Structure formats: C-alpha cells, structure tokens
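Colleague: Pasting an experimental structure with its sequence.
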Amino acid sequence: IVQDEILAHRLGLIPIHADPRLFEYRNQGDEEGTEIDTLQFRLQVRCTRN
Amino acid sequence: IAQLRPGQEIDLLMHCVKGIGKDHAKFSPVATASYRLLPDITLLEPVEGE
Amino acid sequence: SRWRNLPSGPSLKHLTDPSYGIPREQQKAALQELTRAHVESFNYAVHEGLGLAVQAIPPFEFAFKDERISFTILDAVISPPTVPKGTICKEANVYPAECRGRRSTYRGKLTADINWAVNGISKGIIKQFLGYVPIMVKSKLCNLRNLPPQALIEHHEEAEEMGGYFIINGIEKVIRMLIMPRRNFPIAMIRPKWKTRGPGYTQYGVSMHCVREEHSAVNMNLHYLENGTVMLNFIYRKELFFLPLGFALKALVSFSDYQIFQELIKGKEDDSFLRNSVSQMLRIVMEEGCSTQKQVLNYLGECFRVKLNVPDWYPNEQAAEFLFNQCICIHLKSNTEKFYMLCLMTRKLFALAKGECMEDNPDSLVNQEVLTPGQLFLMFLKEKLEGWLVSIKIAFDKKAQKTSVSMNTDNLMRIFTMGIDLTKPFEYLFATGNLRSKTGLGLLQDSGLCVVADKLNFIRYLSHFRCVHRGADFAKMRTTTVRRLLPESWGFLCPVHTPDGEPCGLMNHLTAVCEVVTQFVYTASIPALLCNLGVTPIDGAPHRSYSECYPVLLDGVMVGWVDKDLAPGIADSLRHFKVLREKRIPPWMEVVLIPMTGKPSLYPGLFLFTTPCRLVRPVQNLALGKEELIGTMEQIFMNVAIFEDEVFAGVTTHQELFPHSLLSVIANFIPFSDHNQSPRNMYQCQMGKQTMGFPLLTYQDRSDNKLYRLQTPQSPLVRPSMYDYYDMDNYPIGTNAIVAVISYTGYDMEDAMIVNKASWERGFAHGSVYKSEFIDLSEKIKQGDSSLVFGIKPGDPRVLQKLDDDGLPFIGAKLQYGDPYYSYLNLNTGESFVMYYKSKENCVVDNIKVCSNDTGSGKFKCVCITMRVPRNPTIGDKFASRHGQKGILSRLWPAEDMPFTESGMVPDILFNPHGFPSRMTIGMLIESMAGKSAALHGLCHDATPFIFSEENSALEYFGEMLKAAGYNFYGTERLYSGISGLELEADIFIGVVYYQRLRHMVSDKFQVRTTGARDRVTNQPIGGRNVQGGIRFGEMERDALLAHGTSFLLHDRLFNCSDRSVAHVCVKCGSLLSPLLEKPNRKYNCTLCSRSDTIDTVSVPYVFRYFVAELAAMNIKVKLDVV
Amino acid sequence: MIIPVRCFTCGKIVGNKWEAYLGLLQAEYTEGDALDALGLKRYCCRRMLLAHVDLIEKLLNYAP
Amino acid sequence: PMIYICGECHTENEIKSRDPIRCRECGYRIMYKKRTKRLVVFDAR
DNA sequence: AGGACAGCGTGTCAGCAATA
RNA sequence: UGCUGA
Ligand SMILES: [Zn+2]
Ligand SMILES: [Zn+2]
Ligand SMILES: [Zn+2]
C-alpha cells in the first residue's frame, strides 16, 4: 500500500550505524559506487497467511 | 517501514552515501544540539513567612 | 433526541484503540442523517409518488380512421439496476462500484403497462418498456441498500457512505435543494412591474404556487386592477392567459351571485368600494351573456379551446373543465374548495390594496420552501410519460388511419414504435443540468439544477447535500437584496457558510440541526379534529362577525374561521398534540397564528402546514421539555432562549438545543470562531473545501479526473466537539505545526509564510495527485473495422521497452513527456500507433483498468490509466490556518538559521505578526496556546464556540494550563537567533497550530509563451496554458504603456509580437484587395486597373486585412491612401 | 497514513515508539504518562505521536 | 503471459487481441493489469 | 406642439472541465 | 454552462 516514492523517502530517514569517517564522498556522477564510498542493504519481505 | 497483507511483497536495494546535514536533514547526526546561557537568580531581599 | 449522545468535549483515545481498523457492525447514523433529505425524497418519488403521478395522466383518447381509441397507463415500475438482458452471467445485480471503474450510468428499468381500448368494450393490456431512469445510491431501488459496513467493504464502497447522489457517466451528480416560493399558500406581493401586464393593472397581487402530490406545480397570480376588479393570470405551457375573476368563480361553483358576493365581502361587510367592485366583477363581465354555470363553462371553453389543444369531439363545457383541472389550484380535488381558496386569495388582495396588510417579502425564508431531488425527478417523469403517450399516438394517427380491426395485430409493434423515447431525454437533465420542458415545471429556473459532487475533501462533499441555492438567475442582478442575511434564517441557514465571491448570499447552507421534511401523512382526521377544538366549518354560523374571526387554512384547504378568542387556545392545543405525538398531528405540523391588531401587520389567520418540503429545526419546548420541531414561519411568533438563565417566566416559550445550533456543519469545525472577525470565519468555510487532505479510502476503484491526497494527516489537538460526533478523523485534512509569531526573515511579510527546510525534508505536508485518464478508443475511428485494440506489432523500435506487449505502460513505470503511452493496432490493416505522453510533468503509472461493454462482450477498446504525480510543498504553494489566514510559501529557511528556543526546539512555521492587527483573528492566538497545552499534557481541548465567557476567559484557562506545565502564562518562550547566536531582546509567542494545505499550486498556475499556435482568423497567439498559450494584453493596458510616452515599446510589443504582416496595395487606387500574383516572373498586377508597377508593400496587421475582408462582405469599400 | 519515522521539527526518531505507545495505552496509562515513559520530552515530539491517525489500518482492508 | 486480476474474483486472466474482455469464473468487465518484477530507481529525497 | 414611448446601452482580471 | 484564483 505504501507508494514507491514514499517508501524511498521513509527509507532515507532511517539512521545507519556505519561510522562516516571510514568512508568518502561519491564523486559527482558516480552512480555505481565502490567499497570506498557506498554501503548496500536489501529488504525482501512477503506476507503469507500462517 | 510498512504494513503488508497476504500476497503483498516488498523487494528493493538501498544505497547509502556520505553527506552533511546541510544539503538534506537525513544526513544530520543529532536530534538537537542547542545551548542556553546559564540563568542567574538573586534575592535582593530575604523572603520569608509563607 | 437524535442530538443526544453528542460528545461533551472531544477525545483522542479513539485513535490508539485496540479496535481502530475493525469495520463496525452498523453505519455511523449522524453522517447518514446528512443526505437523508436527498434519499427519503427519492424513495417516495420512485415508489409511492410514481403511482400517484401515473394516476393523474388523463387517458389519451384520439381519432384513428373513423375510430376513437383510449390509452391509459395503469402502473409504472422502476426496477433496481441489473445486467442488461440475460446475455451476461453469474450476477444479475449491478453495484455502483462499477460504472465508476467503467464510465456508465447506474440506471434502472422503467416499464409501464398501458391499456388500449376501442370505445371501451374491446381492450387488451400490453406491458411496454418505457426506458431507463437513473438511480440514487442508497435509495431502495439500489443494490447497496441494507448492507452493513463490513459487507459494504467487499463491494468497493466507503463503509461510511451515504449516497444521496446519482452516477451519470461515473460523475456523481448531486442535485441540490433549490429555493421555491412556497406551496399551497397565498403570498401577497407588491411588484411594480405588474402594471405593465395590461391597461389598468396595479402593482398589487397575491401569487400562489400550487403543488399536487409532488408531481405537478403551477403558478397562478390574482392581480388588482384600478377599477376595484381582480384578474387571474394562469400559465399553460409557458403562455400567460388572463381571465377576469367571476368567469372563474361562476364556473367553479353553481351558486347564486348573492352567496358568492357574500363570500368575497366576508370580513369587510361595511366597506362600500368593495361591495361595489364585487358587483362589477359578477355583472360587468358575466351578466354579459352567461348566467348559468354551463354557459360560463361553454364561453370559457370556446375562447381557450384553441390553445388548450383539447380533443375536437369534446364539448366546450368539457374543455373548460380541462383548464380548471390543469391550470388553476392543482392541489385541490373539489371545485367547491378551489372556489373558497380563490376567494381567500382575493379577500387578501383587497386588504393589500387598501393598505390593511403588509406585503410578504418573497426573499424571507418565512415565505420559502425547498425543491428536493424527488420533486424534480417525479415532475420530469410524469411530464415525459405524458409526452410518450402523445408521441406514440402521433405515430398512430400518422401511419395509416386504416381499419384498426386487423390492426390490433400490430398494436404492440405500434406502441414500441414510440416507446424508444423515454431514455436519453432523462440523462440530459442529469448530465447537463438544464431543463428542456414544454412547461418549466413551475420552477422559474432551467439550468444548474444538478451539479458535479467532487470529493476533493470530505468537507467539500458533505456540503453539497446541505447547500440551498436561492436561484441561478439572481447571479445577474443590479440590486443586492436577496443577499441580505435576514434575521428570519436563524437556525435554518448558517450566517458564515456562504461562498465569498459572485455566489455570496445566493448559495447558503443549512445549520447542523435544521432538516427538510420528507414524510407524507394522511391528514384527513385533522379537519374533523379542528372542528372539535372550536373551528366552525366554511359553511356557516361563525358565531361572530367574520372580522373578529381568524381564517383557518390547512394545506391550501380553508377549514374556516376559528373564533378570535378561541384561536390562541386552539393553537396551543395543536402544538401540545404535535409535541406529545397525540391525535394524528404529524410531529412536524407548523401551527401558525398570525395575530390581528388594527395595524397593517401580516394578514391575520391560523395556518397549519404539513407539506413535505418545508425546513424544520429542533428546539427544547419549555413547559413540556419534549423537543419540539419549529418551522421558518412558526419561529417568528415565539421566544427561544439560547443559554439558560436567559429563560424567563412569561417570555421564553421555547429554548434552543445547543448554543452553536445556529452554525453550519463546516462552521462548527472552525476552532474558537467567536474570537475571530466574521469575514474571516466565512473565509474559513471556503478554504476548508479547497484543502489537500485524505479524500477517501478506496483507491484503485474510483477513476476520477483529479484526486489530491495528503500523505500523513493528523488530527487537530484543539478541535470542536462536533468534529468528534461526525467522525472527521476517518478523513483528516491537515497537520499540526509548531508556529512562532516572529518577524525574523524579511521573506514572511505581507501574507507570505516561512517553512523550516528540515521539517519539509522530514515529510511535512507531502502530497500527491491522481490523474485518471479514460482512454476509450472508439475515437480515432467511426463504425468501420476495429482500429481499436491495445497492442504492439512485434519489434516496433518506437515501443522497444516502454510498453508491455498490450500497448499499455507497465504498472509502476515512470512517465515523462515524449514517452510512449499506448499503442493501438488496426486489426485489418495491421498498423500500430504509439500515441506519446505529452504532459510536461513526471508521474508513475499506478493502475490500469480494462473495461468491457456492459454485456461482457467488449473488445479491448476502453481502458483507464491512473498516473501518480508527487506534489510536495514547493515555493508558491498556498497554506492556511483554520481561521482564514491564507499565505503562500515564500522561503524554506535552513534548519540551522531558524531561531531556536531555550528548550532546544525550533519552529517549522514562521508567521509574520502583522496579519493580526487588521484581520483580528484572535482565535489563532488562542489555538496556539490550546495546542501547546494539549501537546504538553497529552490532552485534547475543545474549541467549541460560545463555551468560554468574559468571566471564564479562554486566555485565562489556557495560560493556567501552560503555567501548570512550567511554561509561562502568556504563551511566550524566549528564543535565540540562529544566525547571530544571541538571545533576542523580545520573548516570542510560539505554539502548535493546525495547518491545511490548499489545492492551488504554482505548478498548476504558471505560463510562459514565446511563439506557438497562431489563431488562423487573426494570426495572433492562441491562448490557454495547455498549448504555448499567450497572455491577452488588453485595452486597459495599452493606455498605461502610452501614458509613459513609450510609443516604441507599445509599437514593438503589439506589432512585432502579435500580427505584423507585409501586405501589398494598389498605390494608385488604394485597395488592399486589388494586387494580384501571376501563376508561376511573379510580378504583382492590379485587377481593377491593369497596372503592374503601381503595386508596393505596406506594413499592416492581419486583423487589419481581416477587417478589410469583413467590410467587403457587405459591399462597403475601404479605400486607403498609400504614401 | 503510517507513523512518521523522524519528528519533523527536531529530527528525533519516533517511528519505533508507535507499538510501544499503543501497548502502554492498553495497559492503563494516560497519554501524558505514556508519552513520558517513551522519552518524548519536548512537545514537538509529543504532538507527533499524540495526534497520529493510523490510516494504514483502514487502507489495509480492501481486497488485494 | 500478460496477467490481469479480476475486479472482485481476483482470478488471473490472460487476454490478447481479438478476444472479449470478460473474466473467467465470473463475468465482470473490469480487470487490473498486474505488477511484474522490473527494476525502477527512486531517490530518497 | 403637450406628450407616449420603444430603444439602445455598457458591466476588472486570468485558469480548468467540457462540450456546442 | 457549473467551478475556481487575484
Ligand atoms: Zn487599381
Ligand atoms: Zn521533536
Ligand atoms: Zn473473476
């Protein structure tokens, strides 16, 4: 029921425990990203009747 | 993050980048960081008797 | 009763209840009683009123060959909606959930059984199918009746819906209560434009609006002529006809001239101009040729036979009866009662003429009533049934006039030949709103009868079923006297809830406690009870002088002459019966007793209305404590306290239920409306109906055009208790914000407001719009081969990956201008057309409905695509409070530059403190403190008007609340400057207030045109905003540009940015038309004079050339001197 | 619709106190005591939960 | 394999060119397209 | 020549649906 | 024609 843009917003406002001092800023137009500047997380959930 | 009903599914990949709370609040690290000057209270006369 | 269980103060522990989402066992019952007048009227119109309508329906006799045939309609029946014929499967019923998905009308089948006879011995009953009539939603002929909220959720419905509307092409028309003069009551009027009706007419006359069983209405005017004579004007089929009285009185009653005269001089038997003028009416035009009832009927028959279009084989005496039955006093069955009613209306014109009575203002609600959806529906149904009879027998008479003996073989093939009619006529009145009728239905208005009901919010929707329109013609009037808010609309119309522009004073709204009467009762034992009480029948022996007696009327029928010292006791006895529900007096009869003195007050007499369209309102009947219901005219002769301790011993006959009974439903949602100035509170009512909120719960199903949704609404922490009676938190409208009243930025002045940027980035007031577009592809083609199937020819480079093999975008895909949007496929040829997305805004497809043809046999031609457009608060969007304090968003102030308080907080709205001094919205300054106290103590305070007096103030109360939380009485906390870091010298006023977001965004109101569609007729920019759209300059603006003496700016703009053309002229003969080009050198040559070297070019506009062409279109010549 | 993740004025995270708030109200605690027991001191945060209307529970009731 | 969910039956019907647009197991005339797994990118601002 | 009267008139400012 | 904005 939650939209895609609203889900993206809600996900942006969630605080991550990575310390930012071990990372670096993504260069302009660095869409891909690398171990140096990005962290990736996955949410995959499905609801079923028990 | 959301609520689901049987048959409903979420599946996504989130990318986290570094940034300062100046270009978006999501990157801000403190609830509030305000300050207040120390109050000073002086009894010019001895108050007594209810 | 019905207003008990009204909350005493609002609560907040209903949200956060373990049962919040469980659909309830029965529907709310306070929300149901809002559209109750729209549904209970239709319920009568379609079942009990339809039989009566068809019962009048004079049998349509006419001549075939040498034969006379009679056709009567015995019954007509409307059936609930259902799958067309049986050509469909698995469910006969048809629920309004569809026809909103598809775009169709919820229409039931209307069928009648006619009975045709030939002289009355040969007869057969055929059952014809008349057509389709639209159906209201919860109207007893609808499939959603008797369904609990849980079963109303499995059909895709609101679980809290009260229909009261129609779905004409899936648009929910909301026919609204228009204002009519009155019914079955003579209103004496002084209208100066009446003396133009003839040679000796005066500006005096009593008008009567007659309605019979809600199926027929007629307007009759009795005019006074200077001679002392009275005329009667009747209208038949929109033509005005004038009959001297006396012709009418002698026809209606077989009485001598003496008892008749003795009747029109009943109360003024000493006056001698009257006695002489009555005799002139009886003798001057009636002893001139006709002195028996039949001769009068015969003469009246001959003059009016031509325009009443009567049957040729009708005696003239029968054609007269037709006029009296169909044009004068429709309401009364008898001709003797019709005589006594025409005599009381005349006895009244004589009193208005002699200045013994006061003209009745037609614009006071005392002399006004409402036109409900059922009265318009039946009054159109009956007229269309009569028209159907007429058309079938037009076809009959016109076909052959041939030996009906064997023609009884095709009688049904004949009736069906014109039974093809009644369907489309009905949808016009509903889809368009305007009325096409031979008789205007005794209405006076022929447009705006039905309107679109838009669910922008649930406060826009709920106000369509409580609106009352004075009339659509009054929007065009020099004088403004139907816009005066007279003191007689106390408790019946809301003072504050009126549109605040061109519709002001004309579109009103009912108070919360007011209600329309819709029940129909027997009212047959009432005339026999009135006589037990003390009335003396119209027949005689009044026991006094006819001047010390009150004329008793009961719904148009004059019972007659209750004595003058028995009228008070009779009125009080009748009022006690209605209150205690004794006798059979309807709980809502209006016992009125307009006293008589020697002064020119309103005409005296005891009226007793019980008709089905008057407005009533509850009031606590003191001396009985039994919750009486009073009407608009009955309320003028009684004292009604508001607060207790205002009740006195002799004074204060009644008392009002709640102190805020006077205010509308929406005006009861404004917090502390008592401390704001009135133009503001009236403004609040128009801004609460343009708010972006939560409009409904059923998306994926509606397929509307636009639908604004606010993501995370909240419920006000300070709200009137009535907000909790009609749960309005099922549909929230705004958000609570921490507002500081400070002048800090330089960008919040003159009505502009500041929004913190971190609040806006954390989701403050985010929103969306749903644009549903119905693509029916029966367009782009006519009745040929199917060029219509959504589909992609395999491999098209145009739709490589934007469509999904059925020529429809993916659900979830993002659309931008120039993106593929659909792909049809002409099945025969085998060619596709990509049809690109042209809106210059980004959206995401969120659903696509594939619809069929109503017989489950459609072929992939119609679809409905819903796009989602994110509309978050930008700069230029309009916000508002609940007190009329609108203002655009001018800045998004960084969160580190905002003035932080000594508690660490930081406002998220900055509101300049200069909107208070001139607008005097002291309710915002109280809402801030109330909401801050609520957020602090976890409470929920009420902002009900009139609950806080001078002795118990609101500021005292909420300042004590604040001081009990460690804050300060006056609501000021001291801030620091987020830019210099110093504690400002002034302590700021901060609090929590409830902001609504308005539907007007700069994204919908911005235009730039450079060049584009040049209108072909004038070679000028086209206009609008959808194309490039230019900006009309105008005649008012060129004047200012030349005042500055900037001729060249005014030259450059008009000539070069508009129609600058380079035409040729016959310089010698000065004609624009003359120069000619050779067929391909192409040297210009003059047609009128054969000279080719005279032609030279001149700069000129195209509209100049267009004007030379237009002037030639009349033989006029424009000869122009070239230099 | 659903609980905001962070309070709009401050940025404090209140998206994890919805179920705890509902649980302390089912236990008999006033909204004031309940908002106190969750750590919502300044009234900007207290209004974020006190005036929240959970409409995700009413949208999650129409067919899939 | 283009799927469409019925309006109230919720049965997956696959429709094509040249065939009517009614639903099996019922006869309703409105059918919603289905969301497939396709990748879309959104920004968290 | 005292009238009676029939006869023209205008009416700030831009948008949208929708439909003739 | 019903709406809406200054
Ligand atoms: Zn020439
Ligand atoms: Zn906070
Ligand atoms: Zn199905």
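Modeller: Received, thanks. Residues are numbered from 1 along each chain as shown, chains lettered A, B, ... in the order given. Ligands and ions are numbered 1, 2, ... in the order given.
Colleague: Tell me which stretches of chain A form strands.
Modeller: For chain A, the strands defined by DSSP state E occupy A:39-46.
Colleague: Point me to the residue of it nearest chain C.
Modeller: residue A:5 (5.6 Å; Cβ to the nearest Cβ). Where you see a C-beta, it was placed from the backbone N, CA and C, and this is true even at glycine.
Colleague: now that residue: how far from residue C:871?
Modeller: Distance of residue A:5 to residue C:871, computed by Cβ to Cβ, to the nearest Å: 11 Å.
Colleague: next one: residue C:495
Modeller: Residue C:495 sits 35 Å away from residue C:871, going by Cβ to Cβ.
Colleague: more neighbours, those two?
Modeller: The neighbour count for residue C:495 versus residue C:871, taken as other Cβ atoms under 10 Å in any protein chain shown, is higher for residue C:871 (21 against 18).
Colleague: Quick one: name the residues of chain B near chain E.
Modeller: By Cβ under 8 Å from any Cβ of the partner chain, the part of chain B that sits against chain E consists of B:11, B:14, B:24, B:26.
Colleague: so where does the first one fall, helix or strand?
Modeller: Element membership for residue B:11 (DSSP states H and E) is strand B:9-16.
Colleague: Within the sheet, what are the partner strands of that strand, with directions?
Modeller: Here strand B:9-16 has these sheet partners by DSSP bridges: strand A:39-46 (antiparallel).
Colleague: got the CA coordinates for the strand it pairs with in CSV?
Modeller: Output of strand A:39-46 as CSV, limited to C-alpha atoms (Å, rounded to 0.1, in the frame of the first residue of the first chain):
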residue,chain,number,x,y,z
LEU,A,39,27.0,0.6,1.6
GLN,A,40,24.2,-1.5,0.1
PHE,A,41,21.3,-3.1,2.1
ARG,A,42,18.4,-5.3,0.9
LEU,A,43,14.8,-5.5,2.2
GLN,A,44,12.9,-8.5,0.7
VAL,A,45,9.8,-9.5,2.6
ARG,A,46,6.5,-11.2,1.6
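Colleague: Leaving out the residues flanking it, which one is nearest to the residue in chain D that chain A sits nearest to?
Modeller: Chain D approaches chain A most closely through residue D:5 (4.4 Å), counting by Cβ to the nearest Cβ. What sits nearest to residue D:5 in space, not counting adjacent residues and going by Cβ to Cβ, 6 or more residues apart in numbering or on different chains, is residue D:15, at 3.9 Å.
Colleague: which residues sit in contact with that neighbour?
Modeller: Neighbour list for residue D:15: D:3, D:4, D:5, D:6 [criterion: Cβ atoms under 8 Å, 6 or more residues apart in numbering or on different chains].
Colleague: same thing but 10 Å
Modeller: In this structure, residue D:15 makes contact with A:10, A:13, A:14, B:1, D:2, D:3, D:4, D:5, D:6, D:7, D:48, judged by Cβ atoms under 10 Å, 6 or more residues apart in numbering or on different chains.
Colleague: Of those, which qualify as buried by neighbour count?
Modeller: Those of the contacts of residue D:15 that meet the buried threshold are A:10, A:13, A:14, D:2, D:3, D:4, D:5, D:6, D:7, D:48, by 16 or more other Cβ atoms under 10 Å in any protein chain shown.
Colleague: what's near enough to touch the third one?
Modeller: Residue A:14 makes contact with A:41, B:1, B:14, B:16, B:26, D:5, D:6, D:13, D:15, E:44, according to Cβ under 10 Å, 6+ apart.
Colleague: Return the distance of residue C:198 relative to residue C:227.
Modeller: Using Cβ to Cβ, we find residue C:198 at a distance of 11 Å from residue C:227.
Colleague: Same check on residue B:27?
Modeller: From residue B:27 over to residue C:227 (counting by Cβ to Cβ), the distance is 94 Å.
Colleague: for residue C:318, same thing?
Modeller: 33 Å.
Colleague: again with residue C:966
Modeller: 87 Å.
Colleague: More neighbours: which of those two?
Modeller: Neighbour tally, residue C:966 and residue C:227, criterion other Cβ under 10 Å: the higher count belongs to residue C:227, 13 against 8.
Colleague: Spatially nearest residue to that one (excluding sequence neighbours)?
Modeller: Spatial nearest neighbour of residue C:227, excluding adjacent residues (Cβ to Cβ, 6+ apart): residue C:200 at 6.2 Å.
Colleague: I'd assumed residue C:149 was in contact with residue C:697.
Modeller: No. With contact taken as Cβ atoms under 10 Å, residue C:697 and residue C:149 are classed as non-touching, separated by 11.6 Å.
Colleague: Check whether stretch C:919-935 comes near ligand 2.
Modeller: No. Figure legend: stretch C:919-935 not in contact with ligand 2 (Cβ under 5 Å from the ion); closest approach 10.4 Å.
Colleague: quick one: what helix or strand has residue C:1120 in it?
Modeller: Assessed by DSSP H and E, residue C:1120 sits outside every helix and strand.
Colleague: Does it touch residue C:1111 like I think?
Modeller: No. With contact defined as Cβ under 10 Å, residue C:1120 does not count as touching residue C:1111 (11.4 Å).
Colleague: More neighbours: the two, which one.
Modeller: Using other Cβ under 10 Å, the more surrounded residue of residue C:1120 and residue C:1111 is residue C:1120, with 15 against 12.
Colleague: And the nearest residue to that one once chain neighbours are set aside, how close does it get to residue C:1085?
Modeller: Using Cβ to Cβ, 6+ apart and skipping the chain neighbours, the partner closest in space to residue C:1120 is residue C:1070 (4.6 Å). Residue C:1070 sits 16 Å away from residue C:1085 when distances are taken as Cβ to Cβ.
Colleague: so which of the contacts of residue A:14 comes closest to DNA strand F?
Modeller: Proximity of the contacts of residue A:14 to DNA strand F (Cβ to the nearest atom of the strand) peaks at residue E:44, which lies at 31.9 Å.
Colleague: residue contacts, that closest one?
Modeller: Contacts were defined as Cβ under 10 Å, 6+ apart; by that measure residue E:44 touches A:5, A:7-14, B:14-17, B:24, B:26.
Colleague: check contacts around the closest residue to it other than its chain neighbours.
Modeller: Distances taken as Cβ to Cβ, 6+ apart place residue A:12 nearest to residue E:44, at 2.9 Å, with adjacent residues excluded. Neighbour list for residue A:12: B:14, B:16, B:24-27, C:761-762, D:5-6, E:42-45 [criterion: Cβ under 10 Å, 6+ apart].
Colleague: hmm, back to that, report the two of the buried ones among the contacts of residue D:15 separated the most.
Modeller: Greatest spacing in the buried ones among the contacts of residue D:15, by Cβ to Cβ: A:14 and D:48 (16.2 Å).
Colleague: so how far is stretch C:642-656 from its chain's centroid?
Modeller: 36 Å (Cα atoms, centre = their mean, to the nearest Å).
Colleague: Return the set of buried residues in it.
Modeller: Buried, per 16+ other Cβ under 10 Å, within stretch C:642-656: C:647, C:652, C:653, C:654, C:655, C:656.
Colleague: next one: stretch C:594-604
Modeller: Those would be C:594, C:596, C:602, C:603, C:604, for stretch C:594-604 by 16+ other Cβ under 10 Å.
Colleague: tally of neighbours for the nearest residue in space to residue C:20 that is not next to it in sequence?
Modeller: Leaving aside its chain neighbours, residue C:20 sits nearest to residue D:57 (5.7 Å; criterion: Cβ to Cβ, 6+ apart). Neighbourhood size, residue D:57 [other Cβ under 10 Å]: 14.
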